[PDB]
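Report on the structure given below.
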Amino acid sequence: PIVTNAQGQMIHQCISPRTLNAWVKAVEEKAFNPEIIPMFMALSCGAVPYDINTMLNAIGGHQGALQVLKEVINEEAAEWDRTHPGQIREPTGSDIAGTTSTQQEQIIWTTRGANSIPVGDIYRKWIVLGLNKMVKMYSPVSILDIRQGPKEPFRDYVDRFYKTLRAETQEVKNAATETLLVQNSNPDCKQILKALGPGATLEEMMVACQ
Amino acid sequence: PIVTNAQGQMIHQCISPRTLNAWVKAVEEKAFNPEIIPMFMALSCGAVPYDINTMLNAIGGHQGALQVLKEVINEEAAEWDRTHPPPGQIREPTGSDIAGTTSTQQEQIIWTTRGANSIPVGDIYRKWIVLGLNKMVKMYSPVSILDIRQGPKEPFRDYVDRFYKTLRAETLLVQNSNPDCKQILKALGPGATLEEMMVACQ
Amino acid sequence: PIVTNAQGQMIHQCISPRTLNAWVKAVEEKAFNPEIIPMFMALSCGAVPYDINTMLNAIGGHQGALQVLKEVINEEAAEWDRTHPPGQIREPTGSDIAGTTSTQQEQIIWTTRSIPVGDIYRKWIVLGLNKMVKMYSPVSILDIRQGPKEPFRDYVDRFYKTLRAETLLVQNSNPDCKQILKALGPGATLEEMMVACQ
Amino acid sequence: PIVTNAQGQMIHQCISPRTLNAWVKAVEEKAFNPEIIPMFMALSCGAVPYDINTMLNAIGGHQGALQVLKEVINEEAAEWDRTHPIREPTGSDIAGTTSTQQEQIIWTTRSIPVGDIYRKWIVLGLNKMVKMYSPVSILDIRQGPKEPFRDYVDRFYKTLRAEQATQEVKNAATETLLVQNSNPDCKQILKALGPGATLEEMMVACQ
Amino acid sequence: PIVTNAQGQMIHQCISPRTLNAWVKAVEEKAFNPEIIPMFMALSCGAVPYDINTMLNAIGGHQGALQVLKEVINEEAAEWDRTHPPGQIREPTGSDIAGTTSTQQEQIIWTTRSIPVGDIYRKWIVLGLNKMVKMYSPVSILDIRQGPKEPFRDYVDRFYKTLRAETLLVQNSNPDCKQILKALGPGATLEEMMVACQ
Amino acid sequence: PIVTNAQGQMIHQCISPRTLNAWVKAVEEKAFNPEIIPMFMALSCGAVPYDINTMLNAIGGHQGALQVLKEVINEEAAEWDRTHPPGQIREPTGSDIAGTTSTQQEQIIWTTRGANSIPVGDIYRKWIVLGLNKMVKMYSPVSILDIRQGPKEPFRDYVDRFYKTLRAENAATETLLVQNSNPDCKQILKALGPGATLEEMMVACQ
C-alpha cells in the first residue's frame, strides 16, 4: 500500500506476511465461491499493482483459473491502450497491470495533483472481472433449475437459490423471488406459501416452512 | 475504521485480516446462535459502512439469511429518508448512504468526523443489522422451550444449560425436570435461587 | 476501555477482538475452575460496564451459569439502590452500574468526573463467579486422601486445588508420610513437609 | 530494512522474527514449488543484502539448493564487476559478503538498489531450482479418459508454470498442446471452437 | 506496567492478554524446570505488584508450589516490616509491596516518586521459585553416570541439566572416556574433553 | 532493547514474549544445526547483554552446550580486559559486556553515549556466535569424507547431505562430490568435463 512518512511524502509500504497468507488461505478454502470476490477486495485494500501481483502469483494451485484472470487482464489492458495512445509518462495497459511499471511510478500516478489515475483500483477492477467469470464458471446450474428437493428443508433450499442467484442487480433478484422461488418450491411448502398471499416478506416465508 | 495520519487528519484504515477472519469463522461456527450478536458488535466496533459491508459480503453460506438482512436494511433506510428529506460541500446522507451502497469510504468519514452536524453512519448501520440479525436468531432456533425435558438420567447441570440456551434463542424449569429431581426441587420450598437448585440436584 | 482523543476528551475505546477471544477461550477451556476469576479480572481490566456485558454475552454455552450471575447482579444492584436514593448527569442506579440502563458515555462521565462504575460491576460479577467455582467443584476437601503409591508432590497439588475452589493435609496423607510429618511436629512449613516426603 | 530513527537518519532495521519465520515455514512447506518466488519477493521486500543473507542462511535443509544459488550469485557478481570496473560497490558488495549494513544503506539512499539487485540474482537461482524440482514434463500431461476438463487444465498449467520458470520471455506456443493432449470427447469440442478461443470459452464448452 | 498519559503523568497499564497467556503456557509446559526463572523475570518485567499477582493467580495447577511461594513471600514481607517500621502517602509495608494491601495507584507513586516495589516483589518470588526448582529436582548429581554406550556429548547434557537444579564429571564417565580424559591432564576445558571423546 | 521515552531519554525496554518464545522454539526444533546462528542474530538484534542472558538462560536443554558457551564467553572476556585495562559510568570490563557484573542502565549508557560509544550488546553477540559455531561443528556427526552416495540414493538427496555436512565445518573443494557419488552418476558426471555447474550436474542425474 501507500503511506506517508514523517516528512509528508508518499512512499511504498510492503504487503504484510499476514495479509498475504490470509489471501493464500482464502483461495485454498473458498475456491471460487461467490465470497472470494469480497475476500480479494478486502485483502487488496489500498494496494498498488505491485502489491496485487504478489497476491496473484502467491497462489499455488488453481493455475487454470489464474490463466483465465491473466487473459482477462490482457483484454482490459488492450482496451485501455486503445483509448490511451522530467515528468512522468502516462501509464500504458501493462503499466496498470504492474508488469512494466515500478512501485514508485505507481504511487506518482495515484497521488499526483493533475489527472490522478488510481492504478490500484483499476487493476483490481480488471481482476474482479476475471474472478466473476470464474465464480459464474464453478456454478453450473442456472437459477431456473433450482427446485426444492422433495425432502429438502426450505431453509437450505433458499440458500441454494440465492447462492446460485449471487453467482450470476438487486432488482433482477426481486423478479426471481415472486416467480421462481415460489414456483420451484416443493409441494409441501408451495401450498403453505401461496396461503400467505402476495407481498409477504422472505422472513415470513421461511418461518411458515419450519 | 478511522485513524489519524502523521498530519492529524482523519483517514480510512482498511479492516484487518485478523478481524475479517474472526468474523468469517464466527459465522461458520456460531451459525445464528444468540452469541453472534455481541460478536458482530465487538468486531465491527468503530467501522464505517464500507467496512461493515465487507464483513457481511465475506460470509460464504447463509445467503438466504443475508437476503433477510437486506430487507431489514432497506426498511430502516426508508424510515431514515422519510424523517430526513433530501454546492462545494458534501451532501446530507440518504438511507442508502448509511447502508454504504451509494456512498464511498471518504464520504462516510466526512459525515462521521465533520464538526458541524456529525452523523455517525457506522453506528446507525450497525444498529440496522442487529435488527436483522435478531430476526435470524429466532429463525434458526430449532426447539421450543416446551420440548426441553430433562433426560431420565441427565444431570441437572446439563439440563439447566439446555433450558436457558433454548430460552436465550427467543416455574417452568421445575415441571420439566426428571422425576428424581422434581421430588427434591419441590422439597426446597418457595423462593429458592437457581444456585440452590443446582446444588440440591448434584 | 477509556482513552483520550487528540482533543484531550474522554472517549470510549472498543474492547479488542484479541482480548474478547482470550475471554471466550478461557471460559471454554477453564470452565469454572478457580483460575477463571483472575482471568476475568485481567481481561476486563479498565473496562466500563458496556465492555463487560460484551464479554458475558459473547459466551455461547454455560447459560445456566450465566443465569446465576445475573441473579447475583440483581441482588447487588438492589443493595446499591438501597444505599443510593437539570443540566448534569443523574446519579447512577444499580442497573446503571450493570450497564443495562446506562449508556457508554454516561459510564465514562461517572468514572472520570468520581464513581468507578466499571470496577463496581466487576466486583458484582466476581461475586457471582465465586458461587459457580464452588458449584463445579466435584470433590470435597475431606475426601482428598493420598493414594497408597501417590507422590506427596502430586497429593499436595491435588489437595490445594480442591481447597482453592472453596491439620487435614497430615491426616489424609499416606501412612509413610504421616509418620514423617507427625515426627516434625505441628507448625512445620510446607517446604519442610514436601522435602521430608520425597 | 532501512528506517528513520527519531532524529530522521537512515539506520538499519532488524528483520522481524515474524517475517523470518514466515520465510522459514515457506521453504519447509512449499519446497521449491513455483509460489516460493513470490514468497521470497514479498518477505524480502525492502531488505538490504544483509537482511537477505539472514533469510537464506536461516533455511535448514536444501543445502544443495543454496549451493546452486551461491553459484548463480557468483555468476551474476562476475557480470556486475565486468560492467562496473563509500567506495563504489563491487559484485561481492551486492551479495553482502564484503560490504557492511551501513555501507549498503549509503548505496541505496544516495543510488544503487543493492537490495533489489541482489533479490534479482536470487530469483534467478530459485527459478533454476523450481525448474529442477518439476517432476513431470508438459508433454506427459494428457487428459484422463474420465477426467473433467477443469481438473485437466489445472494440472496442465501447474506443470507449465514449473518448466517455464527459467524462461525470461515465456513461450505462449506451448499452450496449443492443451488441445492436442485433451481427451477425444473434448478435442472434438475444442477443434469445433476454432483457434483463438479464450480459455474461458474452452472450459465452459467442456463442462 | 507504568506508562505516561498525554499529560505526562504516571498511570497504570493493564497486563496484556498476550503476556498473561505466555506466562500461563510457560508454567504448564516447563513445570518448575530451571528455565522457569528467566521466563518469569522477562514476562513480569516492568510490572507493579498488582500485575505480578495477576500472573501468579492465573496459574491453574501447581497449587502446592504456589503455596510454598506464598509462604516465602510472607517471610520476606515480615523481614521488610522488621527493617522498615498526614497529607502524603504512607511508607510501604511488607504486605503493601506484596500487593495484598496496596492498590495499583499507590504502587506507582512509590516507584515513580524511591522504592522499586515491583522489582523487590519479583526478587521475593525468585527466592520461592529457586526453592521449588531445587525441590522438583528428582535425581542427585551422583546418579548421573555415563552409560556404557552413551555418547559423551549426551552424558554432559544430563550432567549439567541435573547440576543446574542445585571435577565430578570425569569421575562418573564410563571406562572408555575416563582413560582419555585423565590422559589429557588437569585444566582441560569442557570443549577439549568433548572432542577427545567423539 | 533500548527505546526513547516521552522525555527523549534512553531507557530499557523488556524483551518481548514473542521473541523469547520464538528463540525457545528455535533451539528446541533446530537443535544445533547450522541454521541456529541466523535465528540468534535476528532474534537478539538490538539487544543489550541483560536481554541476551535472558535468552540463553531460557533454554531448557543443551546445558552442556551452554557450558561450552560460558567457557568461550569467559575466554573472550579475558581478551577484552587484557587490551582494556567521578560522575559518569566506569569503563566496561569483560564481565560487564557479558552482563554478569553490569546492570541494564549501565549497558545502555555505554551503547548510547555520543563519545566513545562501546556497543556492548553487539560485542557480546559476537562472543556467543563464536561459541555457537563451536557447537555446530560438534553436533556434526560425520566428517565430509564419509559422505558417500548410497547405492540407490537419488543424486539430489546426496548433494544435500554433502553440503549440509560441509556447512557444519572456505575450502570450496568439490573434488569429493564427484568422487563419492555412486558409480552410475560418476560415469555421467565425469563425462560432462570440468567446469560444469552444480545445476547441470543435478540435471544430468535425474
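Every number here is computed from the coordinates shown, using simple stated rules; none is lab data. Counting neighbours? That spans all protein chains shown, and the Cβs are built from the backbone with ideal geometry, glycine included.
Tell me which residues, restricted to segment A:165-210, are basic (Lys, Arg) and closer than 14 Å to A:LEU144 by Cα. Spell out the reasoning first.
Narrowing segment A:165-210 to residues basic (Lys, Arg): A:166, A:173, A:190, A:194.
Result: A:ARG166, A:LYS173.
Can you tell me which residues in segment C:26-49 are within 12 Å of chain B (Cβ to nearest Cβ) and in contact with a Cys (Cβ under 6 Å, 6 or more places away or on another chain)?
none
Under 8 Å between Cβ atoms, at least 6 apart or on separate chains: pull out the pairs that start in segment B:18-41 with a residue that is on the phi > 0 side of the Ramachandran plot and end on any residue that is assigned to a loop (DSSP other than H, G, I, E, B).
Sorted first by the residue in segment B:18-41, then by its partner, the pairs are B:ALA31/B:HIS62; B:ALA31/B:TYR140.
Applying the selection to segment D:49-93, what residues are outside any helix (DSSP H, G or I) and out of contact with any helix residue (DSSP H, G or I) (no Cβ under 7 Å at 6 or more places or on another chain)? So that I can check it myself, show each step before the final result.
Of all residues in segment D:49-93, those outside any helix (DSSP H, G or I) come to D:59-62, D:83-90.
D:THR83, D:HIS84, D:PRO85, D:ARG87, D:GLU88 - these are the residues of segment D:49-93 that are outside any helix (DSSP H, G or I) and out of contact with any helix residue (DSSP H, G or I) (no Cβ under 7 Å at 6 or more places or on another chain).
I'd like to check something: does segment D:122-132 contain any residue that is small (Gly, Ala, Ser) and either away from every other protein chain (no Cβ under 11 Å) or loosely packed, with under 15 Cβ neighbours inside 10 Å (or both)? Full working, then the answer.
Restricting attention to segment D:122-132, the residues satisfying the condition of being small (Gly, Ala, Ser) are D:125.
Pick out the ones that are also either away from every other protein chain (no Cβ under 11 Å) or loosely packed, with under 15 Cβ neighbours inside 10 Å (or both) and you get none.
No, the conditions are met nowhere in segment D:122-132.
Out of the residues in segment E:1-25 that are at the interface with chain C (Cβ under 8 Å from one of its Cβ atoms) and part of a loop (DSSP other than H, G, I, E, B), state the one that is farthest from C:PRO38 (Cα to Cα). Quick ask: steps written out before the conclusion?
Narrowing segment E:1-25 to residues at the interface with chain C (Cβ under 8 Å from one of its Cβ atoms): E:5-6, E:14-15, E:17-18, E:20-21.
Retained after the next criterion (residues that are part of a loop (DSSP other than H, G, I, E, B)): E:5-6, E:14-15.
Values: E:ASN5: 26, E:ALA6: 29, E:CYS14: 13, E:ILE15: 12 Å.
The selected residue is E:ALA6.
Which one is nearest to E:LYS134 (Cα to Cα), of the residues in segment E:148-180 that are charged (D, E, K, R) and loosely packed, with under 15 Cβ neighbours inside 10 Å? Outline the logic, then answer.
Step one: of segment E:148-180, the residues charged (D, E, K, R) are E:149-150, E:153-154, E:157-158, E:161, E:164, E:166, E:176, E:178.
Pick out the ones that are also loosely packed, with under 15 Cβ neighbours inside 10 Å and you get E:149-150, E:154, E:166, E:176.
Numbers: E:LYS149: 29, E:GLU150: 26, E:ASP154: 22, E:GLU166: 6, E:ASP176: 32 Å.
My answer is E:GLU166.
Only residues that are within 14 Å of chain C (Cβ to nearest Cβ), in contact with a helix residue (DSSP H, G or I) (Cβ under 7 Å, 6 or more places away or on another chain) and more than 26 Å from C:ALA26 (Cα to Cα): list them for segment E:69-101, please.
Of everything in segment E:69-101, those that are within 14 Å of chain C (Cβ to nearest Cβ), in contact with a helix residue (DSSP H, G or I) (Cβ under 7 Å, 6 or more places away or on another chain) and more than 26 Å from C:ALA26 (Cα to Cα) turn out to be E:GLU71, E:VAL72, E:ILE73, E:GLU76, E:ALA78.
Given the options B:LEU146, B:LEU173, name the one that is within 13 Å of chain C (Cβ to nearest Cβ), out of contact with any strand residue (DSSP E or B) (no Cβ under 9 Å at 6 or more places or on another chain) and more than 30 Å from B:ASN74 (Cβ to Cβ). So that I can check it myself, show each step before the final result.
On the way: B:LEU146 fails: within 13 Å of chain C (Cβ to nearest Cβ).
After ruling out the rest, the residue left standing is B:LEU173.
Take residues that are out of contact with any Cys (no Cβ under 7 Å at 6 or more places or on another chain) and within 12 Å of another protein chain (Cβ to nearest Cβ) and tell me which of the helices (runs of 4 or more DSSP H) falling wholly in segment E:112-198 contain 1 or more. If you could, list the steps in order and put the result at the bottom.
Values: elements: E:117-135, E:152-165, E:168-171, E:175-182, E:190-195.
Result: E:117-135, E:152-165, E:168-171, E:190-195.
Test F:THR100 against the stated conditions and say whether it is within 14 Å of chain D (Cβ to nearest Cβ), under 28 Å from the mean Cα position of the chain (by Cα), β-branched (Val, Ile, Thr) and farther than 28 Å from D:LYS128 by Cα.
no
For B:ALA6, work out the one condition from (1) more than 11 Å from chain C (Cβ to nearest Cβ); (2) in a helix (DSSP H, G or I) it doesn't fulfil.
(2)
Among what's in segment D:170-204 and is of a type in the set (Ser, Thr, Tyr) and surrounded by 14 or more Cβ atoms within 10 Å (Cβ to Cβ), pick the residue that is nearest to A:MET137 (Cα to Cα).
From segment D:170-204, those of a type in the set (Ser, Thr, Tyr) are D:174, D:176, D:182, D:198; that's our starting set.
Narrowing the set further to residues that are surrounded by 14 or more Cβ atoms within 10 Å (Cβ to Cβ) leaves D:174, D:182, D:198.
Details: D:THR174: 24, D:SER182: 20, D:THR198: 14 Å.
If we take residues in segment D:170-204 being of a type in the set (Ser, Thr, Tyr) and surrounded by 14 or more Cβ atoms within 10 Å (Cβ to Cβ), then D:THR198 is nearest to A:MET137 (Cα to Cα).
How many residues are over 18 Å from the mean Cα position of the chain (by Cα) and either closer than 16 Å to A:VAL135 by Cβ or within 7 Å of another protein chain (Cβ to nearest Cβ) (or both) when one looks only at segment A:64-80?
The qualifying residues number 0.
Taking into account only those residues within segment A:9-30 that are within 11 Å of chain D (Cβ to nearest Cβ) and outside any helix (DSSP H, G or I), which is surrounded by the most Cβ atoms within 10 Å (Cβ to Cβ)?
A:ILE15
What are the residues in segment C:50-68 that are within 9 Å of chain B (Cβ to nearest Cβ), touching a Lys or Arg at 6+ places or on another chain (Cβ under 7 Å) and hydrophobic (A, V, I, L, M, F, W, C), if any?
Once the filter is applied, which keeps residues that are within 9 Å of chain B (Cβ to nearest Cβ), touching a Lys or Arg at 6+ places or on another chain (Cβ under 7 Å) and hydrophobic (A, V, I, L, M, F, W, C), segment C:50-68 yields only C:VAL68.
Any residue in segment A:111-131 that is farther than 13 Å from A:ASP95 by Cα sitting within a Cβ distance under 6 Å of a residue that is not in a helix (DSSP H, G or I)? List the pairs, counting only those 6 or more apart or interchain.
Final answer for the pair search is A:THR111/A:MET10; A:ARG124/A:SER44.
Please determine, by comparing only the residues of segment A:37-46 that are of a type in the set (A, V, I, L, M, F, W, C) and facing another protein chain (nearest Cβ under 9 Å), which one is nearest to A:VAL128 (Cα to Cα). Full working, then the answer.
Restricting attention to segment A:37-46, the residues satisfying the condition of being of a type in the set (A, V, I, L, M, F, W, C) are A:37, A:39-43, A:45.
Filter again for facing another protein chain (nearest Cβ under 9 Å), leaving A:37, A:39, A:41-43, A:45.
Numbers: A:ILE37: 7, A:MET39: 11, A:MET41: 8, A:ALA42: 12, A:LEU43: 13, A:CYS45: 13 Å.
Top of the filtered list is A:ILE37.
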